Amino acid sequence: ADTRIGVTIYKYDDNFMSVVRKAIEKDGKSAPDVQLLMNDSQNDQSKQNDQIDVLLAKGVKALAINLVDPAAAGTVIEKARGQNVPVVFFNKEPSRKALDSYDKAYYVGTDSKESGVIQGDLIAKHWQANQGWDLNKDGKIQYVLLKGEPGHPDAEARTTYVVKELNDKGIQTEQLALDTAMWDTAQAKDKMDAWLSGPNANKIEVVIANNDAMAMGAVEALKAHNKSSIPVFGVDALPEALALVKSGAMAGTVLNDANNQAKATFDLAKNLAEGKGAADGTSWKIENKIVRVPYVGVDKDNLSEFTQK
């Protein structure tokens, strides 16, 4: 009756993980037999490690961990193994060797590559439809790219495959600049402001961001320079970003399904806390201890299936 599940969020003010945290809390408030103990790791893996020791001292029956550093998976598994507590890692994917090292380690996330291919197809679709976006009329997309954290599975796959997909759809590309803005709105605004103040400013035709928070910072820098006709694409379909696709400030985004990843994390951690099989009594499909929830492309044409038009 007191099933205790310990949850760490790598940083509470990351925009997307804020949507995921609130949905896990909602699922916990809804289940009368579960108590969730939620922690903000404040983007520090040492802080997270200490929080996991306190959760284990408090007797949690399962841990649902969103890692600060994907490479710390082994440290967390060794803490959990000692007390035979199952661990459901979510959103930052650990290595396969770390997942295989413990039979009660699972992961809930997405297939990262798919969000890069869907973003590439959304760009391809809108580029073909808007020939005026080709400012210098050379048939090539001149773009800048705002990357998430270096080494994060989603940042690396989204950066690689958005361009690979455009080239496979037959659209040649020329990267004018690329830099990391660490998934953050303010850092992205500053980097875009710098590019709009440098020698390439007039040549930028498309802004590609690995997530919506960075797309939103770019939209702010573009408005400040009265360059709001430059299309911006993101990933996550945050409610604030959906507002920008409606107003045309953004051209498209990709739904990163926070509700189902939160639901799957909660369902697997509750089952495992109860000594049942991870997917018992659910529809989740676990393959090799991983659940991957699909990404969905979002633009003005299917916007009504995600928000009110």
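In this text, residue numbers run from 1 along the sequence as written.
Two stretches are in play, 160-168 and 186-194, and the higher mean C-alpha B-factor belongs to 160-168.
Stretch comparison (230-238 versus 98-106) by mean CA B-factor in the PDB entry places 98-106 on top. Going by the entry's values, 243 shows the largest Cα B-factor out of 67, 56, 38, 243.
Of the candidates 140, 147, 152, 81, the deposited coordinates give 81 the top C-alpha B factor. In the deposited entry, the Cα temperature factor of residue 75 places it in the highest third of its chain's modelled residues. The PDB entry assigns residue 272 a C-alpha temperature factor belonging to the middle third of its chain's modelled residues.
Remark: residue 91 belongs to the lowest third of its chain, ranked by C-alpha B-factor as recorded.
When the modelled residues of the chain are ordered by their C-alpha B factor, residue 131 lands in the highest third. For residue 46, the recorded CA B-factor ranks within the middle third of the chain. Only modelled residues enter the ranking.
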